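Taking the form deposited without adenosine-5'-triphosphate (ATP), here's one chain by itself in structure tokens.
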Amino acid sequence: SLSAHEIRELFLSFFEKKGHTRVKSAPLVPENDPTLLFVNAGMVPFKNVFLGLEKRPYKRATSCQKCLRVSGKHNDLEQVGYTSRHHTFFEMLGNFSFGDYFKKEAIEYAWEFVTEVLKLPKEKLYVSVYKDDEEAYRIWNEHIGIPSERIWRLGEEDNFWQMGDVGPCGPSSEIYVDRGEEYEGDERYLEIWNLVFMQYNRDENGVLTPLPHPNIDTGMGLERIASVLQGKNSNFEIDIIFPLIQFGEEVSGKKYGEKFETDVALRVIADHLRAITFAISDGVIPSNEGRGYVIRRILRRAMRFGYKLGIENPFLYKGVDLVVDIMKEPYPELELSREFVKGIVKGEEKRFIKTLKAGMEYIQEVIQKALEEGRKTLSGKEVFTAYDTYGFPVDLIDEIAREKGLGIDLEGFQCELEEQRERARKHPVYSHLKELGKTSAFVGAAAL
């Protein structure tokens, strides 16, 4: 059935034989990019190289990058747990060309790997291309031989990528696996590989001109492709993740697959265990600002769901061990940080656990008092209290209230955030007034 570990190795060795230099995964924390909290895609560490800026001894590269989609324009944290495809931490397999090969080769390599290495049947495969990328269509249709019926021509929103507002961009092509009649939409036609063709440069006026040296960037989610080969209908059921779900069941005494709310809780724990382990192992220390606050929120969210399941004591620190045992083969450095990470996690849990419980009683109390008195949201005052008195992240407060159909008064919270400010000034993170509410979603109350 092929394990996630075997697929990771097959992918890297495959491109090595195609002249690609295997490149170690860059750390989750960017060495010199204060604006990006965490690496979210395989290409991030090669950005300056794609821009011709940095130089490299090789023109072809391949790697399995550790990624986190928990910030900025690539934030999936809210959805984690509610679907079977969303993750905070995940591995992206990718092959890159820096002014070397382009579309033809990129498509031939991907097709070869999928049909000849992974052994997925060609008739169950589909591909998408940009409606105006006649070049990509022809390669797929004539060179590879995909019947026109299995080739979709889509728009800018589906098949056109951009590094940003200005700069490199171009059409893209995705490969889909048809999982069968028992599924629907994107769950039936599961995207397994995205190929980006960096072909143009968009100037400050929006005008596109072809790059003198076009580039290639690809990304295949490891967890996702593993679920296909292993015959699972969820990323959480694959070999390298299911043990974390089972961990949750054990510590809670609850079973996976009986109730939706339960599964959500177990999935959150499993997913967040992976994120905290790798993030702390790469140097992130839980705090009330920046990278540290993201991990703190993730940690707190996992504690909240475990508590929701009835777990009364610290338990995440035991999950860290399981993550290290599962991931030590591809990431051996995790063993040298095992105890250090386990210590940080345990410390964090023992520090906030009582407050988490007290805070949950407070929030539920105002929630029930709200729907009782016919209110439809929590006031800014009640939000501030949960945020400032109990240390509850704003996103966590909202998630809890949402479970009861209530929302949080965002403008009432802002005014209250200003009052405390004016109060603190009369009666390192800098924030503009009117922006306090926004900032409060990414910093702890003490930071502001």
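All residue numbers refer to positions in the sequence shown, first residue = 1.
Below, we turn to the form solved in complex with adenosine-5'-triphosphate (ATP), even though it does not appear here.
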property: One stretch from 220-228, 207-215, 162-170, 142-150 that, in the bound PDB entry, holds residues within 4.5 Å of adenosine-5'-triphosphate (ATP) by heavy atom; result: 220-228
property: Interface membership of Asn235, adenosine-5'-triphosphate (ATP) in the bound PDB entry, 4.5 Å heavy atom rule; result: yes
property: Exercise: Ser128 in contact with adenosine-5'-triphosphate (ATP) in the bound PDB entry, heavy atom 4.5 Å; result: no
property: Proximity of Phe90 to adenosine-5'-triphosphate (ATP) in the bound PDB entry, heavy atoms at 4.5 Å; result: yes
property: adenosine-5'-triphosphate (ATP) contact at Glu191 in the bound PDB entry, heavy atom, 4.5 Å; result: yes
property: Selected contact from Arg296, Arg179, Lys342, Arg85, since only one has a non-hydrogen atom within 4.5 angstroms of adenosine-5'-triphosphate (ATP) in the bound PDB entry; result: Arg85
property: Contact residue in the bound PDB entry, from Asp133, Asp263, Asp239, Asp76 (heavy atom within 4.5 Å of adenosine-5'-triphosphate (ATP)); result: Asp76
